[PDB]
Amino acid sequence: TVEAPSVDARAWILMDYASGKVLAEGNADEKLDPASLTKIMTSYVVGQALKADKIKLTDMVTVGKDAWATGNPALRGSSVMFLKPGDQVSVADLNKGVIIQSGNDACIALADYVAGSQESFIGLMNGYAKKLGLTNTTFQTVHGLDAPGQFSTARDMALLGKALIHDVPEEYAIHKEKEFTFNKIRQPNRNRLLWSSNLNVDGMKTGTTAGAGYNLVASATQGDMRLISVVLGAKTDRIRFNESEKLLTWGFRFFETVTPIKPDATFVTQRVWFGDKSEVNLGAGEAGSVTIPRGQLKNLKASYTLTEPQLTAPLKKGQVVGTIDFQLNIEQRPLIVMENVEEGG
């Protein structure tokens, strides 16, 4: 134990990026409006399109009537880049508008360009939500503006944030930019923690609901460690940033992340029956990191249950065949086959 800090907000979570370990939490599964935090997913999808080379940063996109308050009353009063039908705008520019400025028109213009329409793009958003395990998340819009059945949770927001960092790091990289210039005007990042002197914060997104309050998904680094915090429904802007600071600060001060089983390390070797190899290497894959109170490494040692007491071919790389459990004078992860073994012939 380390006593968890008190947090003045509707819901929050603090999570280690490498281990996935939840260090502190309150109401972390309560369905709440994500508002502009929705744009983390928007960026995830745009990120995937860029990484797959289905779109390029230099591609010019033609802005439709849907991307303009005049032509889409839903945009009235919201953050926008001020795009007009027929404008030609860089993917790179519209991408910065989504990420740095949270421009709701940039969201629409890029959704159409990527997926041909908003509804198709929202389909990709929910598809990835299901893929990434966001069991309590449903997106109904590409920008996060108020819609009937649209919700997420602190926990799901931290999972999504971890995915953005891990899966599309070039897109994550843009979220630390303090400004960008469009139409000769500089546009500020409203993530005030990018300016903190007390932390090295590099993301991710701010949001304000209809009337629950002020939301932040933040990520920071210290030495080799990275934490993600989510604070949902704080009463003020100040508290939103301050409680987020307090969590990240506490996690780095008292905990450390260690990796006793590296990816590609063998943890145990096991006999395999009836295969083209007589034994198979079993490991943790990428999930061998654990978050522990500082100084406790000495006192930590690892274990597993073999499920099926008896391994029989065929075995497939990554196939999970049991369970690693971590022990402090604590955490559990699949024990996985690290190489394929076909049936003998």
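Indices start at 1 and increase along the chain as displayed.
Each Cβ is built from the backbone N, Cα and C atoms, and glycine gets one as well.
These features come from Swiss-Prot:
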- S36: active site, acyl-ester intermediate (ACT_SITE)
- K39: active site, proton acceptor (ACT_SITE)
- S102: active site (ACT_SITE)
- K205: substrate binding site (BINDING)
Ask   = the residue listed as 'substrate binding site' to the residue listed as 'active site, proton acceptor': how many Å between their Cα atoms?
value = 8
Query = Cα-Cα separation of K39 (active site, proton acceptor) and the residue listed as 'active site', in Å?
reply = 7
Candidate with sparsest Cβ neighbourhood (10 Å radius) among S36, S102, the listed active-site residues = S36
Remark   = By a 10 Å Cβ neighbour count, the lowest-scoring of the recorded positions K39, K205 is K39
Key: Rounded to the nearest Å - Cα separation of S102 (active site) and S36 (active site, acyl-ester intermediate)   = 7
Task = Look up the residue listed as 'active site, acyl-ester intermediate' in the DSSP assignment and report helix, strand or coil.
result = helix
Task = Check the deposited model and tell me the whole-number distance in Å separating the CA atoms of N329 and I330, where 3 residues are unmodelled.
result = 10
Note = Reading the DSSP string in three states, the entry for the residue listed as 'active site' is coil
